[PDB]
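So this first bit is one chain, no partners, the form deposited in one PDB entry, shown in C-alpha cells.
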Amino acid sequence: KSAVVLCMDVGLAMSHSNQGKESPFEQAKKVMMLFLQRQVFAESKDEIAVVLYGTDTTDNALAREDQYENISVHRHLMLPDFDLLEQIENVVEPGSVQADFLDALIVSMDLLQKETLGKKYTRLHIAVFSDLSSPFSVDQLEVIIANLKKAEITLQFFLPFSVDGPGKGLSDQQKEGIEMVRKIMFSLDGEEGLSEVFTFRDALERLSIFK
C-alpha cells in the first residue's frame, strides 16, 4: 500500500472563472474526484489524506499563533470512501484568503511522517493542485527539499498551465511559482522530475475512465 496526500489550493484566486469557464478550483476538484473514484472503485489499499490551503478556518498540527494559518486537514490518512467523495464534491468550497504553499507542503509532510509511524508503505506521495497565484517564502525551500528526500516522499504538481505558443497572462507571482516548482522537482528527480508536472486538462483526459 501507498500513502498519498492531496494538497489542494482552495485560496480565493482559485475561484476566478475566465468568462464563466471552469475555475482552477473546479478543475482541480474534478481531477481529485476522478482519482478518488478510481481508488474507491478498485478497492485499492492506498491511504489518502487531503490538506486544503487557503481555507477560512485553520486546523492542523503545526498551527500556532500566526503560523500555518488557513491550512486545514480535511481528511487524515486512511482508505478513501464514499463520505470523502461526497465531501470533496459537494462540501469543499473556495476560501476567501490565500495561504502559503510551502507551509501547506510542510503540513502535508508532517502529517505523512506522523500518520505512517509504525506502518509499512511502499511509497509516500504528495500531489499539489494550484494556480500558483499567491506569494510564498522561497527561503524555506532548502529544508523542505532535504526533508522530502530523507523521507523518500515523491511529488506531483497539477496546474492550469504548463511549466514550459500563446501566453496565458501569468502574473509575476505565477511565474515565480513556476520557477519554484521546477527547482523542487529538479532537485528531487532531475529532468524526469519535470515530467511529473501536469496540466488539469491532461490529467482529466488520463483519469476520465468512467465516462
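All residue numbers refer to positions in the sequence shown, first residue = 1.
*Asks:* Between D66 and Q67, what class does the number of missing deposited residues fall in: none, 1 to 3, 4 to 9, or 10 or more?
*Replies:* Gap between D66 and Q67: none.
*Asks:* Taking the recorded C-alpha temperature factors, which stretch has the higher mean, 90-98 or 115-123?
*Replies:* It is 115-123 that shows the higher mean C-alpha B-factor.
*Asks:* Per the entry, where is the mean C-alpha temperature factor higher: 49-57 or 167-175?
*Replies:* Higher mean C-alpha B-factor in the PDB entry: 167-175.
*Asks:* Which one of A42, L36, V181, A28 shows the biggest C-alpha B-factor in the PDB entry?
*Replies:* Highest C-alpha B-factor among the listed residues goes to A42.
*Asks:* Per the entry's Cα B factor values, which of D139, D110, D83, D103 stands out as the maximum?
*Replies:* Of the candidates given, the C-alpha B-factor peaks at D139.
*Asks:* Among the chain's modelled residues, which third holds the C-alpha B-factor of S15?
*Replies:* For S15, whose C-alpha B-factor we compare with every modelled residue in the chain, the answer is the lowest third.
We do not show the form solved in complex with a partner chain, though everything after this point is about it.
*Asks:* In the deposited bound form, does each of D56, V92 and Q98 have a heavy atom within 4.5 Å of the partner chain?
*Replies:* Zero of three within 4.5 Å in the deposited bound form.
*Asks:* With a 4.5 Å heavy atom cut-off, would you call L79 a contact of the partner chain in the deposited bound form?
*Replies:* No - in the deposited bound form, heavy atoms of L79 and the partner chain never come within 4.5 Å of each other.
*Asks:* Can any non-hydrogen atom of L85 be found within 4.5 angstroms of the partner chain in the deposited bound form?
*Replies:* Contact check for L85: no, nothing within 4.5 Å of the partner chain in the deposited bound form.
*Asks:* Would you check, heavy atoms only and a 4.5 Å threshold, whether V73 touches the partner chain in the deposited bound form?
*Replies:* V73 lies outside the contact set for the partner chain.
*Asks:* May I ask you to state whether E115 is within 4.5 Å of the partner chain in the deposited bound form, using heavy atom distances?
*Replies:* Although the partner chain is absent here, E115 would stay clear of it in the deposited bound form, with no heavy atoms inside 4.5 Å.
*Asks:* Looking at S162, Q173, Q67, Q37, which is the one with a non-hydrogen atom within 4.5 Å of the partner chain in the deposited bound form?
*Replies:* Looking at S162, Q173, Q67, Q37 one by one, just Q67 meets the 4.5 Å heavy-atom criterion.
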